[PDB]
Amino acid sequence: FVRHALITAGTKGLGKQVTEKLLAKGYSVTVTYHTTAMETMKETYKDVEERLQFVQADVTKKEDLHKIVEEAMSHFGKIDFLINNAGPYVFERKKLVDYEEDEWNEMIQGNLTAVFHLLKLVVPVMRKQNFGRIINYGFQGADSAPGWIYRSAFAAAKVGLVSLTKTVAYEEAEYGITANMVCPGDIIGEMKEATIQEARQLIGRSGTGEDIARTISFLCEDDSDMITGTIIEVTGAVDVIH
């Protein structure tokens, strides 16, 4: 009766701090990656190895998603928390009309359809448990369905994800399952993998992966069962999409 989390892309960026947060809480974790970074994580947590499982996976591929669920279930028997931390991002700034079909598809499959696929696998398990926490990621300002100049596909996929988070919240509330979204603001470079303490050492201090990690950790608690369908902005009042 130790709760189990499944987190996509949890060895780098924001997802690394999320993983470290849940382990620190006593949770067991399945972490996906898409390899030297994973190996250093595995080594850092040598002494708690039974509570940490690594699986290689491309979240745009249905089969790989089926396999991370199968491997989590095989070793742990349960999935209590699904953190859809993985979010393929086209860093290039260009207009929708200039998008390659490969880029469009990567955004949609990577950010919206990957979540559908996962849910299709994980919701039934959560129903059997009468417990589930789904955490999706948005971007700042997401709940207002905004356009994002030069981020067409990403924004479209994530805004669509907003709708989906909400629908899943209403459809699965019956079964002890909550679905929420966290929106990180502009957390840049080294600060993605950094702690609050570190940012505070140097508007104000930079936002960090820990800021996200502590918000996700709060939504995953047993007594957060009434918080569902909500979008938590963790941006420190710093505008991104404008």
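For every residue, the number given is its place in the sequence shown, counted from 1.
Going from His34 to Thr35, you skip over 1 to 3 residues of the deposited sequence that the entry leaves unmodelled.
Unmodelled deposited residues between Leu202 and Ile203: 4 to 9, per the record.
The stretch with the higher mean CA B factor, choosing between 230 to 238 and 11 to 19, is 230 to 238. The stretch 99 to 107 shows the higher mean C-alpha B-factor when 99 to 107 is compared against 154 to 162 in the entry. In this PDB entry, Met41 carries a Cα temperature factor that places it within the highest third of its chain's modelled residues. Annotation for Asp186: CA B-factor lies in the highest third of the chain's modelled residues. When the modelled residues of the chain are ordered by their C-alpha B factor, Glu171 lands in the middle third.
In the deposited entry, the Cα temperature factor of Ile196 places it in the middle third of its chain's modelled residues. The PDB entry assigns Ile177 a C-alpha temperature factor belonging to the lowest third of its chain's modelled residues.
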